[PDB]
Structure formats: structure tokens, C-alpha cells
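Structure, as C-alpha cells:
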Amino acid sequence: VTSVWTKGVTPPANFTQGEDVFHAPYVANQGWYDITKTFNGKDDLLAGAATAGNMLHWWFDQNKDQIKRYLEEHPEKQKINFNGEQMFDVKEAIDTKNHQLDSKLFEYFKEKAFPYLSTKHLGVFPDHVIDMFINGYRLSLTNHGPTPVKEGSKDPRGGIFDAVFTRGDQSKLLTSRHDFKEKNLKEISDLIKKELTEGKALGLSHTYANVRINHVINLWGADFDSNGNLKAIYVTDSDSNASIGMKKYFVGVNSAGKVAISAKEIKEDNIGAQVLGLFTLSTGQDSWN
Amino acid sequence: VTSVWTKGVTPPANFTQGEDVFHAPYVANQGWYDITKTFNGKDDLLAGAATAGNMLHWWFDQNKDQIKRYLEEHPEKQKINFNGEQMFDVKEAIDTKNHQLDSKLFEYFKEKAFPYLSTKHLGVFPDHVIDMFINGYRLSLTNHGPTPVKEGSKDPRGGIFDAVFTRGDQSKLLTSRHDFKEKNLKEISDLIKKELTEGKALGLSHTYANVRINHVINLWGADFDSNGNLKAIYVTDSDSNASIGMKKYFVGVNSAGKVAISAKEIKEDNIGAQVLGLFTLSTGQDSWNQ
């Protein structure tokens, strides 16, 4: 078979077979991330923000210099202050980006940005989160669809890099969302391969045992068969115990052609989780000018 | 019968027996306020913040000169900024305090301070709102008790006058909360009568058709019979439309032995709403003098 990995992401080599899943314990500075939930009451339903978080850490690595230069030109942007209190400092985020349980970026997400969502049985989508943090698109909880590419006031909680990535200009939107509900294996496989080779970071949503019946994770790499159809994917899941890390999921189909994923073979008693959607983040590396 | 009115409040003189209630249409600069919900989805469940708002407007009047000097000496406290965006301007609040529907203080509460609450079936208590706005005490949605008089960081949403009214100092807490549990018609009358006499603004909580079966309103005046027993009260209610204004409520023990209030006399066929508690705000102009 053949495989494709997220740009700048080193395939783990510490993969071991456990009781429930084949995984690779987290290793820092390997290109990938694994933000972990503590279910402190604030991040209980924020896997979407956890997924956006992991994609943002990747994004930091990719634009390491592009960012340092950006801040120098706009020192104002480095921090987010609320009537005297410092809510966030991007450099603190970058310095803690490798921390699973206490990265400053996720801390900002659960504590200051989206504190009440978990209490309202509401989650968030990776793209909205990223669009807010970067472009400053005002994140609205009633927006069931993509970010409406328009001009408008910046969201106080984000817009750190909106001096470069503006609102209302399609060439500055660095994210995308795709529906997989009624797609077959070929369709899903092609889209995912394409995105992974265009150097984008990927987020995958699938059915789950939660109120929303939707859970999102990071998809770092994928294996394709001789015909180019998915056989497995490598993911990071914010719901997992920090000690698990990178997870290997099988990718299969049932007699109705629905695509599902699982930590075990899609063997008729275990049906896995049906895939529902895909989100992406491009570095936009050549737009900082 | 003797009546007792809130300090600085002039009794309405335009009461008219309406369809369902005896009320006095709102007139500005009479000392009392009537912030009114628009039910725009954000203020639908913020009766607690509107009551706090009306109390804070009263507080603006009582401490006008002191606030003027305070803002002069602490320029930075006038505005609340969030990463480049202006969330609030106390002077705009003061300038628009007389408005029932679009006062700037209530706009700030429904739009920026407590927007999410009306989508969480959650309400706020008037004392917590005031403690956050004045002292800067962090408002906790889970705290079902009084504001803990302990030190701590300032809530970014308030602390406007915390250079004077600090956190952690019991002499700087200007609010109080009282429960009418296991209390009788006389203990209640005395408390209210007393709070009103001590020059404080009052908030009254009672049973209501909402998730918590608890709705709060402002208690501006109170009539007492020749024996000193509460007979009626004059309140403003953020759930009433803007044309109502000051409402008169009868007070009395219904057939279940509970003290209640109603827009009509308490009878066998009218048990009214059961009172649950009181909230108060003192001017604190003694701390201004320091």
C-alpha cells in the first residue's frame, strides 16, 4: 500500500499494540500534537477546539518565522487584554505548544474563549475556531454552516493575525469544511488524499456516544491501497488518556457502503464510527507579504 | 396609612387603575428606574441584571458627585476595553440611565456581560451583578450563596469603582441578601420597612413561571397599615412592558399561610406570588468620605 502524511509530520515509530488500540505514545517535536481534555467542566465538549488547537500548533511550526516577523511588525497583536486582565499571549502559547494537558492555547480556549459551551451542551467546529483566532471572524454559536466570508468587526477573542489574514477576502481564508455523510469510500479517499498532499492539516468528524452524536479528531496520516482507497488513518483524539498518543484506525465499509473507522478491524460485530466530515487548515505561508 | 419610600425617590402621582393592575406610567428624574426587557433573545432571562441595573442607576444618583470625582482621579476606570473593542463606558451609562428600553447599562449586561445566560436557562442574582460591577468580584454562575468577602482578581467585566470599594474587605461590600424562609408577615414587613429606612435600594424575589420559580423585581415604596404591617408595595418589573411603570402590589398571607404579593387583593380565590427573598444596595457614601 501507499501512505501520505501531513506536511512536516514525522511518522511515529514507537507504535505498540495495546488492549484496545494500536498506538504511538506522544513524542514532542515530531511535528504532530495531542491536546488532551481534563474534563474540568469547561473542555468536556470542546474536542472541536482541541482539534483546532492541534492544527494551530502545527500552523505555528510551519510559520515559525513568518509569525515572529509578524509580531515584530505588530507587537500589539501578541497579547489579548480584557479591561486590565491579560487573557492570552501568543508567545506563551508557542512556548507551551508541545504540552498535552496544559498548553496555553487550549487553556485559553476552555477558560476564556469558550468557557460556557460545555455547560450548554454545545461544541465548536475547528474551522470556526481557527477562523476566529486567525482572521478574527466573529464566532457565532448559531452558525451551523461555514464562516460567511465577509467584512465585519473582529472577534475580541481572536484576530491575532488579521493584519495579514483579513475578513471578507477569500484568499485569506485558510480553512475549509467538507460533508461526508452520504459519500462513498472513493469520494472520501480522494478528498482526503488531495488535502493531505496540498500540505494541509486535517480534522475529521465522526459519529460518537455524545449528545451531539459528533466527535472530531486530528487526522495526521493515511494508508491507501493499490487502487487509492483508504485502509487506515493515524489520528490524535482529545478524549483519549494522555498516555495513548497517536492512534491507528482501520477504515472500512459496511454492506450499505457507509465508511466507518475503528481502533479494531471493521469486523461485523464491531461497526466502528461512521465518518461525517472533514476540516482543513492551510499554512498560507506565502501570503504574509 | 403610613408609607416608606426609597431614599431619593419621589412617589408617583399618576397612578391609574388599569385592566389588570394599579400602576403609574414612568416619568424620569423621579429617583426610580424601570429598565425594561425587549425580549430580543439576550435579555429574556435577565430580570436579575435589570433589577441590579435599576439599583445601580439609583446608586448613580446618590453618588453623583463622588463618582464624578472618582472618574476624574481614575480616568482608566471609565471604559471597559476588550482587545481593542469598547465594551462599556460608565459615562454613557450615566447619560442614558433614565431610558427604560435602551439604557446603556442594561445594553452592556444583555449584549456583553451576560449574553449566554438567556440560552442556558440561567439567571443572575442582583447582588452578584452589583458586586462585580462595583467591587470587581468575580461573578460565579454556580455560586448559589452570597458573594464571598475574600480577596481575588478583578472580574474583567466590572470593578469600575474598585479603587474605593475593594474585594476582600467586609466594610466595602455594599450588598446584602435575605431569605424569607420560615418568616412571617411581621418579620417581613419589619425587614423591608427597616431596609428602606436605612437608606438602601431593595430587590424583592418571588415565585414565578420560570425555570427557577424565582423572579426578581425592584421594591421602591411600601405602604403600612396603622399597626405597622405591610399592606402594599410599589415596584418596577422588567417583565412588564414599558407603558406600565410603577406597579402597586397588595401584600397578605394567602390560604396556605404564606406571605404573598399580587396586583389584586389576596383572597381565597387569589393567593398571589409567594415572596422568597430580598436584596439590598447601600450608597456606601461613607467609604467615599475616606
(message) With the requirement that a residue be hydroxyl-bearing (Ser, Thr, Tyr), in a loop (DSSP other than H, G, I, E, B) and under 15 Å from residue A:178 (Cβ atoms), what does the stretch A:190-242 give you?
(response) none
(message) For the list (1) part of a loop (DSSP other than H, G, I, E, B); (2) touching a residue at least 60 places away in the same chain (Cβ under 8 Å); (3) surrounded by 14 or more Cβ atoms within 10 Å (Cβ to Cβ), I need the number of the one condition that residue A:23 fails.
(response) (1)
(request) Scan B:183, B:247, B:172, B:200 and give me the residue that is under 17 Å from residue B:11 (Cβ atoms), in contact (Cβ under 8 Å) with a residue 24 or more places away in the chain and not polar (S, T, N, Q). (result) B:247
(message) Name the single residue that is farthest from the chain's Cα centre (by Cα) among those in the stretch B:177-189 being part of a strand (DSSP E or B) and charged (D, E, K, R).
(response) B:179
(message) Going through A:209, A:222 one at a time, which residue ends up being in the same structural domain as residue A:239 (by CATH) and either surrounded by fewer than 19 Cβ atoms within 10 Å (Cβ to Cβ) or hydroxyl-bearing (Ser, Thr, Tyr) (or both)?
(response) A:209
(request) Go through the stretch B:63-165 and tell me which helices (runs of 4 or more DSSP H), entirely inside it, have 1 or more residues that are touching a residue at least 60 places away in the same chain (Cβ under 8 Å), farther than 27 Å from residue B:179 by Cβ and within 14 Å of chain A (Cβ to nearest Cβ). (result) B:90-96
(request) Determine whether residue B:244 is within 17 Å of the chain's Cα centre (by Cα) and more than 18 Å from residue B:52 (Cα to Cα). (result) no
(message) Would you confirm, using the coordinates I've provided, whether residue A:229 is touching a helix residue (DSSP H, G or I) at 6+ places or on another chain (Cβ under 6 Å) and on the phi < 0 side of the Ramachandran plot?
(response) yes
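We place every Cβ from the backbone using ideal geometry, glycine too, and count neighbours over all the protein chains shown. All of this is worked out from the model, or read from it or from the source named; no laboratory read-out is quoted.
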